[PDB]
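J.:
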Amino acid sequence: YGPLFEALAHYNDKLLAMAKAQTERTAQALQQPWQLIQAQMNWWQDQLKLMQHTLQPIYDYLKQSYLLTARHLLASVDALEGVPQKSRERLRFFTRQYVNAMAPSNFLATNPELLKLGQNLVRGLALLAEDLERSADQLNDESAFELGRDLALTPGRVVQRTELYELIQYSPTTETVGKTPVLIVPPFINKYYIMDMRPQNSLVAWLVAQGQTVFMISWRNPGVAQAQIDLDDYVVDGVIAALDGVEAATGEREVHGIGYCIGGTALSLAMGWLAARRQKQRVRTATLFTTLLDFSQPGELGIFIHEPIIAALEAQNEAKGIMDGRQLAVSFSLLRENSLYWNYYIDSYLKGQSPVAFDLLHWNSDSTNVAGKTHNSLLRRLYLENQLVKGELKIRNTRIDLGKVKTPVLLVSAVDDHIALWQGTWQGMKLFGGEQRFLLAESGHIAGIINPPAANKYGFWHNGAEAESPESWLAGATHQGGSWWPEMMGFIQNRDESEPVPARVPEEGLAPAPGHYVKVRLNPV
Amino acid sequence: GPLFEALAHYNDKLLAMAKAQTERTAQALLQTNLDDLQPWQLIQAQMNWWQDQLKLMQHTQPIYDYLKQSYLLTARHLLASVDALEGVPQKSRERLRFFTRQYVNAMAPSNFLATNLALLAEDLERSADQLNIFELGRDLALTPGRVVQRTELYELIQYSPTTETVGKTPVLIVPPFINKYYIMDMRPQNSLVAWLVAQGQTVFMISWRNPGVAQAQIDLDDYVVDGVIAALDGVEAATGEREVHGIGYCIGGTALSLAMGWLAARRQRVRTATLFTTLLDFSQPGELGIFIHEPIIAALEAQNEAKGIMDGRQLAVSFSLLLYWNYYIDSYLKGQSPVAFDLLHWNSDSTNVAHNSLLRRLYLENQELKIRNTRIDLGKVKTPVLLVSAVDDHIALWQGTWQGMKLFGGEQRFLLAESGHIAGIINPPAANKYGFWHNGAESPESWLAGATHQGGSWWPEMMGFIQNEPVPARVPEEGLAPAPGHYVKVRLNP
Amino acid sequence: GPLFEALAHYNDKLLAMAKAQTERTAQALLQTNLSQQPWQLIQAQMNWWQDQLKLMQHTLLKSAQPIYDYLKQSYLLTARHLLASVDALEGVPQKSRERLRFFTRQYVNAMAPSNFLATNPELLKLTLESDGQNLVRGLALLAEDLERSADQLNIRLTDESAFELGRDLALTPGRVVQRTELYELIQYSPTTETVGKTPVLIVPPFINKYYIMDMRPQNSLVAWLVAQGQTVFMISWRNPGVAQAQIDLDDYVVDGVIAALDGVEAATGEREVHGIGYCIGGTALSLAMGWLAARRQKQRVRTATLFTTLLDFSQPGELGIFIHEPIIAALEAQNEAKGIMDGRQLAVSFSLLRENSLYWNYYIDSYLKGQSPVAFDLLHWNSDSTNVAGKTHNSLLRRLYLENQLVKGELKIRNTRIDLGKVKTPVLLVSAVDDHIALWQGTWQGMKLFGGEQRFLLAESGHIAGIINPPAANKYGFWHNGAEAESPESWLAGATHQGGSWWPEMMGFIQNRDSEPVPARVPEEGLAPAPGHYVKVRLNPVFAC
């Protein structure tokens with residue numbers, strides 16, 4: 006009631022400064054036009070002023114509000130006349146993507162009718183699923203983005219290709235690198251290049267610039283041929299087999315592990331599997347981004363965790379062979395940042411960059427399938443039964459006890475995370491039997507994790523002392539502005555300290572940097 | 007709550023039209039020879064915005109949440125509108141962009157001086191000009214007829230009859246000279262001229278010339294004697310009748326009132344007098360009272376005498392004579412071409428005015451009035467008078483028109499239309515869209533308190549007012570030109 | 007020697023017909039107090065064939105002035121043929137004579153190679169490096185002269201054809217369940233108590249009308265498929281006018297074939313059908329399967345049988361005379377100017393009916409079988425020309441015939457690259473050995489493009505006779521080979537010949553890839571009766587609605 010007016014004025018001043026800057030650059034000579058953003062900023066201010074004026106009358110506001118959207122339509126299209134049609138079509142496609150992404154009814158997890166809704175609930179769930187998927191198909199233009207050119211362009215080589223993954227080894231870009239390599243295990247629900255989007259916000263590029271040999275697992279988009287691949291296979295044949303692949307290319311049997319969402323869960327299970335069978339420690343440090351080990355707080359995804367629903371999904375998976383990612387794309391959204399338009403479209407434009415919200419929407423729509431047996435194990439053994447905390451989880455007939463893991467773990471979570479609640483991630487940290495550290499990012503599931511140091515856009519909470527509850531941890535935590543990536547880099551290099560080793564140049568391998576598994580789309584472009 | 011119900015009524019009316027269009031395209035596939043060759056989705060995009068926004072308001105930082113969701117509805121409205129225009133030809137889309145920009149500006153209070179001085183006008187005048195960078206006789210003003218007389222000030226149009234018998238007494242219409250006359254002759258469905266002819270009435274029409282610099286010294290007095298009285302002599306020359314039924318609109322009715330007084334004061340032709348939104352008492356000038364001040368009128372009087380005439384493009388920026400639901404949405408759901416397009420085209424087809435007498439002698443002095455050195459006394463007029471005013475009138479407040487009715491010395495009746503300055507007047511009986519208030523008993529507020537609503541058009545009530558011996562239908566003479574004439578086609582911006 | 011024996015066999019069958027006609031006329035006199053051409057007319061023709069052959073043998077033995109002697113006696117044989125023909129038509133009503141005069145004139149002009157641009161000797165000279173751009177005008181002059189003679193011949197006609205669609209041809213009962221801009225979907229009423237679950241959808245070529253597959257009840261493929269317990273759907277393309285000038289090959293694939301598939305589901309509830317395509321209709325069916333596969337859409341075509349379908353245009357046959365850059369560019373300008381490709385212009389360019397035995401097997405033989413001469417029905421279909429959209433023809437000339445984009449993987453249907461290797465639908469290609477439009481070796485090369493099961497059949501006749509061979513006919517044969525070959529010649533070398541019709545082999549190909559029989563689907567009332575309205579629109583009309 007007031008701060009909105011002041012904050013809106015601040016954004017208008019930055020656009021006016023950018024408008025003057027664009028005129029000065031045009032003077033030296035003698052993308053979206055600033056008039057298009059001005060058309061939107063004019064709507065936000067006038068609507069707030071009209072609302073303040075109001076603070105038959107309902108109709109008067111409706112008529113006056115309808116006049117403001119009409120002014121918004123006329124000013125926007127007028128700005129798009131000098132823009133070429135191909136670039137303009139890109140803007141129309143992404144705006145259609147963004148406008149449907151912000152509708153809670155468009156996703157089952159946030160759908161009102163599903164919340165309103172035994173067998174009758176299961177039958178109605180299928181009705182909501184088929185309608186949303188049909189709407190997505192008709193909406194889903200082409201030539202949006204090409205991997206290796208616009209996204210996932212960090213130089214490297216594919217040093218190994220298995221049934222489940224392609225192992226990417228990135229170019230060093232430094233004269234010296236650390237002895238212990240870095241292995242990143244991305245989630246197999248979406249594609250990995252969220253950590254390798256663009257050079258300014260690519261986590262892979264930043265880790266490489268810090269003198270570290272970075273390896274990235276690139277999971278295959280599973281087809282019907284991978285119907286029997288289970289969670290056990292992704293742990294043993296996925297993560298551990300990648301560890302053997304890193305040793306085969308660098309000669310180091312010990313690496314720094316990094317995991318994201320369910321990828322960190324697989325990394326945790328791999329460390330528990332090696333520990334339970336008394337194998338020499340192959341993971342020196344383990345950084346886990348928004349990883350869920352205790353599934354007691356599933357968040358909005360708990361609407362699906364019910365015996366009739368899970369039993370129905372298990373039958374569907376076994377019938378179709380795999381879980382169709384296009385069905386998962388309407389089930390929930392991994393990208394739900396608060397004020398995506400303000401912080402990643404308006405702010406990203408005023409920084410001279412191509413709108414980051416465009417890249418985020420393309421990654422969110424680059425859905426991937428899940429193996430039939432894997433999804434079921436993930437639904438039942440982890441989300442429903444919560445075997446990992448109860449010590450009942452078995453990976454290839456090996457009971458997993460994370461207390462047997464002595465690898466120092468660093469859990470980096472996000473306060474506004476809607477997929478992996480930070481409190482839930484905090485409880486799973488105590489499961490480990492070694493050093494434990496916790497970090498709490500300021501933004502959401504995606505924005506709070508991909509915050510490069512240069513952006514200086516958010517912050518984090520750190521606390522070295524132990525607490526008995528997440529609320530107690532945060533109460534004693536100290537806030538630090540900026541990115542937490544240097545803190546993670548300090549967490550890795552303060553425990554290996557090892558003499559620097561000459562930069563490992565990747566071998567030619569089988570394929571160029573991005574690989575082939577990441578380019579396989581469910582809806583081909 | 008009732009708003010939701012009215013929206014549901016429109017949505018069902020749009021769905022019925024959509025089914026009718028699908029059936030017509032299916033029948034079109036049957037009749038398609040080899041040798042020869053707005054979408055409802057666009058209106059559906061509009062109805063989707065109106066209903067969903069009302070739902071969002073009913074649901075209601106908290107303010108930011110409403111703003112973000114409201115911006116999402118505007119985004120759907122923009123995307124659905126552009127997608128609805130996929131098959132529309134680019135030329136047709138430019139028409140939609142042109143008229144929607146006119147409606148946006150026309151409903152913007154800052155774009156008009158009265159709803160927002180010369181410096182502010184010059185900037186506003188430029189904004190209209192930079193924006194600038203229907204055909205009369207075909208789309209508007211297409212009622213058949215002939216120009217029986219053309220003078221310096223007007224063209225007299227006599228329309229061809231559509232009935233075998235017409236009334237003996239002809240009808241003469243005196244339009245306002247601030248805008249063009251064809252608002253009373255839009256299209257056959259909403260043409261008052263066509264309706265009067267169908268009622269067995271010979272109709273004559275004055276078509277005022279768009280005044281140039283050559284008419285700098287033409288005064289209001291000339292429009293009374295050389296305009297209205299001279300037209301009466303022209304009607305007698307074409308029909309042999311010295312007595313006509315008078316109809317006036319806005320300032321045209323004021324001139325007719327002064328014309329009746331001028332013949333009465335000099336003891337010398341008007342059977343009935345119907346006056347639409349006619350102002351005789353200027354005590355309630357409305358929003359135009361901002362200009363009625365001694366320093367402002369004195370400044371304008373010097374400018375008008377210097378330039379000769381006041382540019383109508385400047386008058387169009389001073390105030391607006393001009398709706399979305401009843402003349403664009405409703406007109407579209409009735410199968411018609413959007414009437415709101417014609418009204419916007421007429422409002423922007425402004426005409427010049429020579433005017434100082436109107437500012438000072440009428441608005442300021444509110445006369450004591452003398453027309454050609456002849457004192458005006460409306461009490462000397464015994465002609466039955468009918469005042470038709472509008473509740474939502476922003477130019478001529480209906481209370482001011484009611485008080486001025488008492489100036490006449492004969493029968494007086496008052497009618498109050500249910501819409502604005504123009505919409506409540508141009509309401510044909512076939513439309514069945516508005517209503518009126520009537521009260522047979524004799527303050528303006530006291531009349532309305534005792535008035536009864538009836539609904540429908542007031543044209544049959546006006547036709548009953550006039551008609552309360559049939560003559561063979563008068564076929565108009567060849568005259569000088571066909572129906573629309575030449576004076577009405579003179580545009581300030583070609 | 008063998009020729010004399012064949013004539014004797016026909017002459018003996020003619021004698022039996024004479025006895026049948028005398029008994030038929032004798033019984034007709036009994037039914038009193040209130051068609052078939054006379055056998056003497058056919059006998060008059062057989063007398064010419066035998067006498068001309070005898071004269072040929074006598075003069076060839078005389079060789080082992106003489107040239108004039110054979111010419112003089114042949115002119116005497118032509119004179120006897122004229123007198124015997126007119127005398128045979130003594131009792132025949134005038135209309136029948138005009139009917140026979142019309143069909144004899146049609147057959148005579150159809151068998152003259154100079155009457156068609158593709159087989160015209162004059163155009164062949166201008167093609168052999170004897171022109172470049174002047175060929176355009178050299179082609180345009182030959183086109184206008186051939187078209188002019190057709191126009192003068194047609195304009196003299198004052199009566200409509202003896203055949204009416206829905207009464208004489210295309211009379212299989214059914215309903216029009218859907219009508220779009222491009223097609224009318226016909227669902228035929230069942231003749232069996234039970235039908236198969238998977239319906240059958242036929243995609244006809246859009247160069248001529250569809251009812252070649254539904255001519256007469258004895259030789260109607262549609263009726264035969266229906267009698268085999270199959271719910272049969274038929275696409276009936278609109279005869280495109282100037283209003284369809286911008287319709288492209290892409291639209292016929294998506295808005296034509298795919299939209300019809302949605303129409304079949306709307307009428308039967310089945311998202312998967314058995315596809316059948318003919319000539320360019322099979323090309324559209326192939327492109328429809330590739331389009332659904334390239335976009336990773338659920339497979340909607342269970343089996344695909346393709347009649348004389350061209351996917352590789354490397355061997356265009358006699359139609360290659362037009363496949364040259366100056367000619368195709370010139371034709372593209374005419375189609376953009378006129379809006380559509382005039383089917384009456386296409387009728388003089390090439391002939392879809394070029395069977396080596398139209399007179400003997402489909403006029404003489406069909407007459408001795410008691411039938412109305414089938415050659416009459418074939419000549420009506422061939423002369424029932426249809427237009428082609430300007431954009432569709434161009435794409436067909438350049439994107440397929442000239443550039444051969446489908447093989448080179450350059451073809452895109454609505455900005456979707458087509459790769460037939462992504463199609464896993466089992467395909468059965470049925471081609472004809474004597475085909476002059478789609479050479480069987482060219483149709484064989486396109487078979488390997490598919491990524492699923494592939495089968496090939498080679499019928500023992502031409503483009504039309506070898507395809508519309510009813511089992512009941514017991515005419516011609518076909519070659520089948522289950523093994524994979526590296527060349528068309530290798531396929532035929534290992535192929536086994538079987539006599540009779542190949543239609544059961546196609547029915548076996550369909551029924552071995554399918557469920558449980560469902561009660562017979564009675565078609566909904568729909569929009570119109572069986573034949574529909576699109577097929578009745580003729581380019582050259584006499585009378586009017």
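Protein chains in written order, with the UniProt record's numbering: chain L, 6 to 35, 52 to 76, 105 to 166, 172 to 194, 199 to 555, 557 to 584; chain V, 7 to 43, 53 to 75, 105 to 160, 179 to 195, 203 to 337, 340 to 393, 398 to 429, 433 to 445, 450 to 524, 527 to 552, 558 to 583; chain Y, 7 to 40, 51 to 80, 105 to 554, 557 to 587. Where is the CB? At the ideal position from N, CA and C, for every residue including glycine.
1. Do you know how far the Cα of residue 170 of chain Y is from the Cα of residue 280 of chain Y?
2. Spell out the partners DSSP gives residue 318 of chain V in its beta bridges.
3. Within 8 Å, do at least three Cβ pairs link the stretch 372-380 of chain Y to the stretch 428-446 of chain Y?
4. Would you say residue 158 of chain V and residue 390 of chain V are within 7 Å of each other, going by their C-beta atoms?
5. At a Cβ threshold of 7 Å, is residue 116 of chain L touching chain V?
6. Going by other Cβ atoms of all chains shown within 10 Å of its Cβ, with 16 needed for buried, is residue 319 of chain L buried or exposed?
7. Going by the CB atoms, is the gap between residue 292 of chain L and residue 324 of chain L shorter than 7 Å?
8. Hey, would you say residue 568 of chain Y sits closer than 7 Å to residue 215 of chain Y, going by beta carbons?
9. Straight-line CA distance for residue 313 of chain V to residue 413 of chain V?
10. Does the stretch 109-120 of chain V come within contact of the stretch 347-357 of chain V, defined as at least 3 CB pairs closer than 8 Å?
11. Give the straight-line distance between the Cα atoms of residue 444 of chain L and residue 326 of chain L, rounded to the nearest whole angstrom.
12. Taking residue 237 of chain L and residue 564 of chain L to be in contact with their CB atoms under 8 Å, please state how far apart those CB atoms are, rounded to whole angstroms.
13. Identify which residue in L:76, L:110, L:122 and L:106 has its Cα closest to the Cα of residue 64 of chain L.
14. What residue range does the alpha helix (DSSP H) around residue 15 of chain V cover?
15. Quick check: the stretch 179-192 of chain Y against the stretch 268-287 of chain Y, are there 3 or more CB pairs under 8 Å?
16. Starting from residue 234 of chain Y, follow its DSSP beta bridges and name the residues at the other end.
17. Go to residue 146 of chain L, then tell me how far its alpha helix (DSSP H) extends in each direction, as first and last residue.
18. Does residue 43 of chain Y pass the burial test, meaning 16 or more other C-beta atoms within 10 Å, or should it be called exposed?
19. For residue 380 of chain Y, name the three-state secondary structure that DSSP assigns.
20. Which class does residue 517 of chain L belong to by DSSP, given the choice of helix, strand or coil?
21. Mark residue 315 of chain Y as exposed unless 16 or more other C-beta atoms lie within 10 angstroms of its C-beta, in which case mark it buried.
22. Let me know if residue 6 of chain L comes out buried or exposed under the rule of 16 or more other beta-carbons within 10 Å of its beta-carbon.
23. Note down, in chain order, all residues in the stretch 314-340 of chain Y with a beta-carbon under 9 Å from any beta-carbon belonging to chain L.
24. Is there contact here, the stretch 212-232 of chain Y with the stretch 291-309 of chain Y, by at least three beta-carbon pairs under 8 Å?
25. Just to confirm, is the Cβ distance from residue 212 of chain L to residue 263 of chain L under 7 Å?
26. In chain V, which residues lie with their C-beta within 9 Å of the C-beta of residue 108 of chain L?
27. State buried or exposed for residue 490 of chain L, treating a residue as buried only when at least 16 other CB atoms are found within 10 Å of its CB.
28. My assumption, with CB atoms under 8 Å, is that residue 355 of chain L sits in contact with residue 482 of chain L. Please give the rounded CB distance.
29. What span of residues does the alpha helix (DSSP H) with residue 61 of chain Y cover, start to end?
30. When you compare the CB of residue 190 of chain Y with every CB in chain V, is at least one pair closer than 7 Å?
31. List, from N- to C-terminal side, the alpha helix (DSSP H) runs of 4 residues or more that fit wholly inside the stretch 273-321 of chain L.
32. Give the DSSP bridge partners of residue 471 of chain L, in chain order.
33. Using a Cβ-Cβ distance under 7 Å, would residue 217 of chain Y count as near chain V?
T.: Inspection of the coordinates gives the following:
1. On the third sequence, residue 280 of chain Y is found 240 positions in, with the first residue counted as 1. On the third sequence, residue 170 of chain Y is found 130 positions in, with the first residue counted as 1. Going from the Cα of residue 280 of chain Y to the Cα of residue 170 of chain Y covers about 36 Å.
2. Sequence index remark: in the second sequence, residue 318 of chain V carries index 249 (1-based). In the DSSP output, where bridge partners are listed per residue, residue 318 of chain V has V:347.
3. yes
4. One-based indexing of the second sequence puts residue 158 of chain V at position 114. One-based indexing of the second sequence puts residue 390 of chain V at position 319. Yes, the Cβ-Cβ distance between residue 158 of chain V and residue 390 of chain V is below 7 Å.
5. In the first sequence, counting from the first residue as 1, residue 116 of chain L sits at position 67. Yes, because at least one Cβ of chain V sits closer than 7 Å to the Cβ of residue 116 of chain L.
6. As a first step, residue 319 of chain L must be located in the first sequence, where it is residue number 261. Under this definition residue 319 of chain L is a buried residue.
7. Residue 324 of chain L sits at position 266 when you count from the first residue of the first sequence. Residue 292 of chain L sits at position 234 when you count from the first residue of the first sequence. Yes, these two residues count as a Cβ contact at 7 Å.
8. Translated into the one-based positions of the third sequence, residue 568 of chain Y becomes position 526. Translated into the one-based positions of the third sequence, residue 215 of chain Y becomes position 175. In contact: residue 568 of chain Y and residue 215 of chain Y (Cβ atoms closer than 7 Å).
9. If you number the second sequence from 1, residue 313 of chain V lands on position 244. If you number the second sequence from 1, residue 413 of chain V lands on position 338. C-alpha separation (whole angstroms): 35 Å.
10. no
11. Looking up residue 444 of chain L in the first sequence gives position 386. Looking up residue 326 of chain L in the first sequence gives position 268. C-alpha separation (whole angstroms): 15 Å.
12. Counted from its first residue, the first sequence places residue 237 of chain L at position 179. Counted from its first residue, the first sequence places residue 564 of chain L at position 505. Contact flag wrong, Cβ pair sits at about 16 Å.
13. Taking the first sequence and counting its residues from 1, one reaches residue 64 of chain L at position 43. Selected option, being the one with the closest Cα: L:122.
14. Counting from 1 along the second sequence, the entry for residue 15 of chain V is found at position 9. Unbroken alpha helix (DSSP H) run through residue 15 of chain V: 8-34.
15. no
16. Indexing the third sequence from 1 puts residue 234 of chain Y at position 194. Note: residue 234 of chain Y sits in a beta bridge opposite Y:561.
17. Translated into positions along the first sequence, residue 146 of chain L becomes position 97. Where residue 146 of chain L is concerned, the enclosing alpha helix (DSSP H) stretches over 134-150.
18. Looking at chain Y, the numbering goes 40 and then 51, which leaves residue 43 of chain Y without any coordinates in this model.
19. To locate residue 380 of chain Y, count along the third sequence from 1; it is residue 340. Residue 380 of chain Y: strand per DSSP, three-state reduction.
20. Walking along the first sequence from the start, residue 517 of chain L turns up at place 459. It is a strand residue.
21. Sequence index remark: in the third sequence, residue 315 of chain Y carries index 275 (1-based). So residue 315 of chain Y ends up on the buried side.
22. Locating residue 6 of chain L in the first sequence gives position 1, where the first residue counts as 1. With fewer than 16 Cβ atoms within 10 Å of its Cβ, residue 6 of chain L is classed as exposed.
23. 334, 335, 336 and 337
24. yes
25. To locate residue 212 of chain L, count along the first sequence from 1; it is residue 154. To locate residue 263 of chain L, count along the first sequence from 1; it is residue 205. Yes.
26. By 1-based counting over the first sequence, the position of residue 108 of chain L is 59. Neighbours of residue 108 of chain L on chain V, chain order: 9.
27. Taking the first residue of the first sequence as 1, we reach residue 490 of chain L at position 432. The residue in question, residue 490 of chain L, is buried, as its Cβ has 16 or more Cβ neighbours within 10 Å.
28. The count along the first sequence starts at 1 and reaches residue 355 of chain L at position 297. The count along the first sequence starts at 1 and reaches residue 482 of chain L at position 424. Contact flag correct, Cβ pair sits at about 4 Å.
29. Within the third sequence, numbered from 1, the residue matching residue 61 of chain Y stands at position 45. Its alpha helix (DSSP H) spans residues 55-79.
30. Against the third sequence, residue 190 of chain Y aligns to sequence position 150. Not an interface residue.
31. 299-308
32. Position 413 of the first sequence, counting from 1, holds the residue named residue 471 of chain L. Per DSSP, L:498.
33. Within the third sequence, the letter at position 177 stands for residue 217 of chain Y. With 7 Å as the cut-off, residue 217 of chain Y does not count as an interface residue toward chain V.
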